[PDB]
């Protein structure tokens, strides 16, 4: 139940609420106040979903789906079987996520480390809260949010997307996708760099950060080892920031076909009317 180096770290302290009340582990898992909060929220949430599954008439995980209040409920409550359960599961989900980040903060304090992880996690939570809370409230209805279901959530992705034609033309979506792809590239390369240093050619010794060499050799730059960890962090957080930007604005500041937004550049007076080319 303990890693060979673990015991020296399992000291008391660091909790945010409760002093020493929930200061303990269960197996490898740290508990804490927010470990308890997490359990209560995640458990309720699951129970409510299983209930909503009974009300829907299925136990298939490929079919079980919990849709929000239909569009005509606005931002009020809806009968439990008609989007009320979603409303409560969403309160549960949010409770579980925030609790989990706060439990992460608590671990950080015990371990005397930096708060970077729960900070990073907060961006994902914010993406979620954009889709299920922020956008709906700004749009006037819960029914704009995605439903909880393996394939039904995907239907919502497609139908929301095609409401604005090819969603490719959302400018923020483009920036976001760029970060996603770039970040995957940085992951591939960081992973492969470190491994090629630690796992050199048969019989040779382990190489070193001097790695900088390989990359300079390859592209004339190297960001360094503090740098790449700063990069991955920035890249992936930035992808999620733009992800949320690109949807916070859609259905609110921009609601027509995203392709048409690009006309502002073509229609600029200096060239709007010159003939030739695709738009002349």
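Positions refer to the first chain, counted from 1.
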Missing residues, deposited sequence, between residue 210 and residue 211 (class: none, 1 to 3, 4 to 9, 10 or more): 1 to 3
Residue stretch of maximal mean CA temperature factor, 242 to 250 vs 58 to 66: 58 to 66
Greater mean Cα temperature factor according to the PDB record, 1 to 9 or 271 to 279: 271 to 279
Largest Cα B-factor, entry values, listed residues 97, 164, 128, 86: 86
Residue selected from 228, 235, 47, 31 by maximal Cα B factor: 47
Residue 109 CA temperature factor, ranked by third within the chain: lowest
Chain-relative CA temperature factor third for residue 264: highest
Position of residue 203 among the chain's modelled residues by C-alpha B-factor, lowest, middle or highest third: highest
Record-listed C-alpha B factor of residue 137: chain third: highest
Chain third (lowest, middle, highest) by recorded CA B-factor, residue given as residue 173: lowest
